[PDB]
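Participant: Experimental coordinates follow, after the sequence.
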Amino acid sequence: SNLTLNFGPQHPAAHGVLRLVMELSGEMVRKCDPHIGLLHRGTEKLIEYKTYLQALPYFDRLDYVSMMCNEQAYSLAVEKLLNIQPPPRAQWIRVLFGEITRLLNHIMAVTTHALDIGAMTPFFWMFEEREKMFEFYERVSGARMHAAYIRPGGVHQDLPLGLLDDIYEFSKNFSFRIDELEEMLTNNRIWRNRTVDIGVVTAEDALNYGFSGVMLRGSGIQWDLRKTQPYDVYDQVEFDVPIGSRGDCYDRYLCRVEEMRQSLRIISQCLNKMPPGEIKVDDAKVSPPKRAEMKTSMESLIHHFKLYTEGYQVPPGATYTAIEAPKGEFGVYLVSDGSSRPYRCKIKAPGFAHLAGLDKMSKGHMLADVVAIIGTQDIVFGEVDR
Amino acid sequence: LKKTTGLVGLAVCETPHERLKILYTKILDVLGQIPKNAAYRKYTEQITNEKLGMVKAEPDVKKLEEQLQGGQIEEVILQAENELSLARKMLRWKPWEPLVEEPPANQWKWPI
Amino acid sequence: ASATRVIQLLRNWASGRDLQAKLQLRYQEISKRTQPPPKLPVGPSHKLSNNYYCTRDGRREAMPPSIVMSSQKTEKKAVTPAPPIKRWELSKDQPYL
Amino acid sequence: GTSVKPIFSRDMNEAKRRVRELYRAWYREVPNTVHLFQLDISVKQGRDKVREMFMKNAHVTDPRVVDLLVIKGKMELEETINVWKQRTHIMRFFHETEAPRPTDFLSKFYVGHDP
Amino acid sequence: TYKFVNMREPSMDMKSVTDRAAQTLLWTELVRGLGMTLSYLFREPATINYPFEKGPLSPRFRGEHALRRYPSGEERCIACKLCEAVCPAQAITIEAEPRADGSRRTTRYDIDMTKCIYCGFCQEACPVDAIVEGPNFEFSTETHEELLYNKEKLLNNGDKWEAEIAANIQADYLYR
Amino acid sequence: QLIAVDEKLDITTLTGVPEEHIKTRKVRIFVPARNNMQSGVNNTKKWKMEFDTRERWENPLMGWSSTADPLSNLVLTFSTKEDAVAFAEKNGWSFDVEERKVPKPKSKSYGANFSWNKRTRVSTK
Amino acid sequence: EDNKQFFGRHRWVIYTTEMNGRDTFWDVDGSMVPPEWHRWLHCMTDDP
Amino acid sequence: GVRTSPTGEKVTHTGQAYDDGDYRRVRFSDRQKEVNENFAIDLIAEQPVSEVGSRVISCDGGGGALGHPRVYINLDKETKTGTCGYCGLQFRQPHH
Amino acid sequence: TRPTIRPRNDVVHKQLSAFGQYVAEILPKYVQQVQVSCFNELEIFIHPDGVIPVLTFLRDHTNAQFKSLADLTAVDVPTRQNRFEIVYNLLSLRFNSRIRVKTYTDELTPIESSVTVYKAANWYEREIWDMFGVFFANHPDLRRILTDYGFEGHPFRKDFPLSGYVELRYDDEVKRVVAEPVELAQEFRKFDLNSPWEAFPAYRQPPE
Amino acid sequence: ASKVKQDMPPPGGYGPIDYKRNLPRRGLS
Ligand code: SF4
Ligand code: SF4
Ligand SMILES: [Zn+2]
């Protein structure tokens, strides 16, 4: 008989409320059975009882490490259904904060992966940088993480009068912190022993199982949604896409580090190219007017009242909108029946498919290797369970 | 000649021209058993004939890869095997027959 | 920053880099916590003339999906969903890490 | 006619056969469940509860509905055997903290407005 | 446009082989990692002396809710119920009637702070700047009931925090 | 393969609704009346199914409105009354149907406001 | 204040030993700061 | 404008005080009852009526964009004063 | 029409229309309808019996090559006789395109499991079964994935109440967590927001 | 007649930001 073991939910390596039922012969893993749903909150039904603006803060709490990226995907879906266009300055702000968010997510992923493996130190070095980016979030929206800044019309508020300078000051020091992380990990023989040839997935298998993002790029597949299906102003920035060679945990780690560097590159470009103008679509039947207009003009007051009580109506139709979120392809299948409430909202999270493939990726490995594989899949269970 | 296809689990092919010719001949042979008026047969025959002509006319592997637009001839071989398997399946399925059933009148009506 | 120069030398030697050049604590180069007021430019629809809403109504230009091949109702060259993707180029900046 | 597609059974006889098989499996499982979960019920109570749950759906006359009921019962059995379930889940069948709600007219009239 | 992260081949000359043998036998990269940690030991820690020292915040910061007044001392809230309609958590409960002088005022104004997501949508929706999220964040309670705010509690919060709330609004209202 | 089932459709044992909320419930199938405060008729196009109102009481703390009825908020939208009836029948709910009420066509005439001998003449305008 | 400290350690409060009625020689907390000094201390503004 | 009930409980601006036989008063024993002491109806009743030399006046609550939406108040009735429906301020024309 | 209105792309619209015609001609046995949405999103309505052939053709055909399944979900429309609408989203990397395939079913009719065509579907079909109660035939390991152990009913169905039928609490007499009929201190407040005036003339339905 | 004031990059541009990996050799033979 194989030993049957509960891995989580109350486990440090679990990375959330995961009940990994594991069959083991000695420490060899014979079978992985991920039991999820310990963080299923019934988000999609709730979204059905809300208006389109009331449903936005749910996308903050889907993947709690990539908040604005989740907001951007939902906003793109709703804007596509509304047949409107965000203004250019809003799109530049969106891309800038999406890259800052990608930095946040990649720091969290790499350091928690190292912490599982046993290298506890880089976490503390990188979480101070995460703290400074949380400060950027807070200055723009008043919240450290669940900002709700990106709205289906653009962004809620314009940047405060000295934010770009501080973002520049942060961005010109971050590369040295990445360098210190790489000094700790990249050439360590212990880290390579714990990561090289662990959780190897082929290109064909990665495509069929539904993988996306780094889980594809580590296996040599050349696919990045920002390059192939660009959104906002991603076609106007220059960056390279890291590609792996072996499909293992080590290659995925290198891809994420290089991705962090390329995000610094994109941020530098966005800082030097931010244009002037308004921040939300100049269409008061979709985006609320300014407060001075709301307090002086009859139409502005009527539209403020109606947008905050009933909300805008969205013409009937269904869309599937996908973005390159820091964890992979993040999608929304949004169905509108013509009213101000969404009829259906299905959320596609890359972690769902990655966790469904965890059992495949752990064949012939031990317990510690399974811990490394869970770390390398970059799983947050808010997006998996919803 | 070439090392490292670059995709994990995709081995480098020695003698890819012969493999491609064999696969395309098998594909045409399987398509020969489908009714001639079926759209699948004529479309697949047309594309297969173009690819086979391209393979026959270009002895150079990199130039052939650039002509085929199929991404690294090992992938072209894999796609040919996929098409052969699909051709056998379509022979068994016969999707050229008339529509099996008509849906209810308001089944695809939206909104509501 | 503020520390002894011998400790700075030991730090630089152990880390291998000049630490002082890129300090991770923000000493005084960040923006002031009080700023002048902004002015914020208005949008393109803030015109007083030639601004009828029916000419800038994006919601009302959406239409039901276009129907191709309802079942209830020449060589014909084969076709694909979109032209094949061009192969990627290898990063003239830094092709190999 | 009525032009329906089956799940597993073509008539009520095959559906009844599957029901009997699932009942046999639950009957065999009950003592192991009582041992593993350290339940304070008897095996007789557990088998009585299994019979009561089976008889809750005795009025069904559609083979497809019966097939779905057997599929759900097999899902529950698989869940119980593998210990995915906890003692709270098993004990949820017995409603031990639910005060008995009366069924006669007068008591209902006394307590409130609901029929 | 792409780059490779692990497609580099190692040199096979005798010098390179001897350097790699020295790396294997004398553990050079491990000493590099030790040097990095030793370097961090001599830096100044990024820790702050809480509660004496506080983390930086912004005028846009979302915290505990408050109900404000006009300078005359009259309440700003007119019971339009836009905050109650917009609240995604349904955390706001409002009941209103004509006041003794005929004014349109609330008789019940509750916020369930354990329902609230602190999104700030209500202060955006308020047309008279009556409901705000003030700057306070240190209001942990020992019981659940203390976090069910009624109108008296919110008016008291407004009275207690008005000096800072008005200064925060003055610094941010031109971005709104 | 088809098996020719002969019985009426019935899915109650699969829905998981407690039997109390299947047998003692009454649904109303109706086209909602136009709100008399407005003239728009767009809310009078579809059929609605809604459940009977149950007890609501006052919360001892805060005085909120408490309920023990899980179906107190459920409203279903249907294209036609037949669809609503079929749904209620297959779910096992007793239903009451009301025929759709439409406003009758009215003969309007502006000139009647100025009748030579008729009572219709307006005393003001 | 001490502007030569890094951001975060450049402003601080030494709390009173005797608040409204309670002894605060040891028992202090961040809620004892009044709102105006709260605005200055959390760096919402530069002006005391 | 605070005032106590015959039970010694403060009466709020709303006017709600628990009745003598109401058990819910037990929630305040060993604790206190939250009552805001600045009654808005009394504070607005102290403001002086503004005299303006026009039939129609405008009010925005002061502060421009920091007040309420701007409204126009007619001041033709001389038996009463024009009251803002947002702020509660009163206006009149110079009379007698 | 310029600054605030989303721009159009007629080239992609034409390409998707032609490819939809292509797919319909190749598989007349199953394809019932083909649509191209205004924002260039190809949709193909089919018969349920053709779930496995269509997808197989779409993932295997040289001119198709949709080797990746973005996601698979279901929509509940109670007014339809076939309640549930099964939606497959597919991505082609070779041709950088997306396609949506839709079919229908009701409560008692199984759909063929497509795990063989796509390995990714496993958990998607389990999720559809859990949330909507749609059985998938020949599924490797079909069981609940999102809901609690022993949970009765399917939450995503339109008829199911938002707060469900039971809640949980710890009971000290039995010393364990128990499930009881839901009681709410504050009832969810239902809002009626729909405006009585029509918003979009282009979608007006005939007056029957 | 006040002019538009808005958070923008300074005239010309911000100073260049390093992003490439910097791992020195740092050893003997
Ligand atoms: S902050 Fe958000 S959740 Fe809280 S009361 Fe205001 S609107 Fe509701
Ligand atoms: S707080 Fe503001 S939005 Fe809420 S009811 Fe009062 S006036 Fe209306
Ligand atoms: Zn006023």
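Facilitator: Looks like it arrived, so ask away. Numbers count the residues shown, from 1 in each chain, chains lettered A, B, ... in the order given. Ligands and ions are numbered 1, 2, ... in the order given.

Participant: just checking, residue B:2 touches residue B:12?
Facilitator: Yes - Residue B:2 lies in contact with residue B:12 (Cβ atoms under 8 Å); the separation is 5.9 Å. All C-beta atoms are positioned from the backbone trio N, CA, C, and that covers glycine.

Participant: residue farthest from the centroid of chain H?
Facilitator: What lies farthest from the middle of chain H is residue H:30; by Cα atoms, centre = their mean that is 32.2 Å.

Participant: what about that residue, is that helix, strand or coil?
Facilitator: With DSSP: H, G, I helix; E, B strand; the rest coil as the basis, residue H:30 sits in coil.

Participant: measure it to residue H:4 for me?
Facilitator: Distance, residue H:30 to residue H:4, by Cβ to Cβ, to the nearest Å: 19 Å.

Participant: now do residue E:54
Facilitator: Residue E:54 sits 41 Å away from residue H:4, going by Cβ to Cβ.

Participant: Tell me which of those two has more neighbours.
Facilitator: Taking neighbours as other Cβ atoms under 10 Å in any protein chain shown, residue E:54 and residue H:4 compare with residue E:54 leading, 20 against 10.

Participant: quick one: contacts for that one?
Facilitator: Listed by Cβ atoms under 8 Å, 6 or more residues apart in numbering or on different chains, the contact partners of residue E:54 are E:48, G:11, G:30, G:41, G:42, G:43.

Participant: Next, the buried residues of the top strand by length along chain E.
Facilitator: In chain E, taking DSSP state E as the definition, the longest strand is strand E:104-112. For strand E:104-112, a neighbour-count test (16 or more other Cβ atoms under 10 Å in any protein chain shown) marks E:105, E:106, E:107, E:108, E:109, E:110, E:111, E:112 as buried.

Participant: Report how many residues lie close to the residue of chain J at minimum distance from ligand 1.
Facilitator: Chain J approaches ligand 1 most closely through residue J:7 (25.9 Å), counting by Cβ to the nearest ligand atom. A count of nearby residues for residue J:7, using other Cβ under 10 Å, gives 20.

Participant: how long is stretch A:289-308 end to end?
Facilitator: 11 Å (Cα to Cα, to the nearest Å).

Participant: before we move on, what about stretch E:167-176?
Facilitator: The first and final residues of stretch E:167-176 sit 15 Å from each other (Cα to Cα).

Participant: residues in contact with that stretch?
Facilitator: Outside stretch E:167-176, the residues that touch it by Cβ under 8 Å, 6+ apart are A:157-158, A:160, A:290-291, C:34, C:37-40, E:59-61, E:124, E:129, E:132, E:134-135, G:39, G:44-45, H:65-66.

Participant: now, which of those lie within strands?
Facilitator: Filtering the contacts of stretch E:167-176 for strands - DSSP E - leaves residue E:132.

Participant: which among the contacts of stretch E:167-176 end up buried?
Facilitator: Neighbour-count burial (16+ other Cβ under 10 Å) applied to the contacts of stretch E:167-176 gives A:157-158, A:160, A:290-291, C:38, C:40, E:59-61, E:124, E:129, E:132, E:134-135, G:39, G:44-45, H:65-66.

Participant: Which residue, other than its chain neighbours, is closest to the closest residue to chain I within chain G?
Facilitator: Across chain G, the shortest distance to chain I (Cβ to the nearest Cβ) belongs to residue G:31, at 28.9 Å. Excluding the flanking residues, the one nearest residue G:31 by Cβ to Cβ, 6 or more residues apart in numbering or on different chains is residue E:138, at 4.7 Å.

Participant: Now that neighbour. Its backbone dihedrals?
Facilitator: phi -100, psi 80 (degrees, to the nearest 10).

Participant: what sits against it?
Facilitator: G:29, G:30, G:31.

Participant: May I ask which of these has the most neighbours?
Facilitator: Going by other Cβ under 10 Å, residue G:30 tops the contacts of residue E:138 with 17 neighbours.

Participant: Bridging across strands, which residues link to the spatially most central residue of chain F?
Facilitator: Nearest to the mean C-alpha position of chain F, counting by Cα atoms, centre = their mean, stands residue F:30 at 3.3 Å. Beta bridges link residue F:30 to residue F:48 when assigned by DSSP bridges.

Participant: and the gap between it and residue F:95?
Facilitator: 10 Å.

Participant: Got the phi and psi for residue 46?
Facilitator: No chain in the question, so chain A it is. Dihedral pair for residue A:46: phi -60, psi -40, per degrees, to the nearest 10.

Participant: my bad, the chain I had in mind was chain G
Facilitator: Backbone torsions for residue G:46, taken as degrees, to the nearest 10, come to phi -90, psi -20.

Participant: can you pull the contacts of the residue nearest to it when sequence neighbours are not counted?
Facilitator: In space, and not counting its chain neighbours, residue G:46 is closest to residue C:34: 4.3 Å by Cβ to Cβ, 6+ apart. Residues near residue C:34 by Cβ under 8 Å, 6+ apart: E:171, G:45, G:46, G:47.
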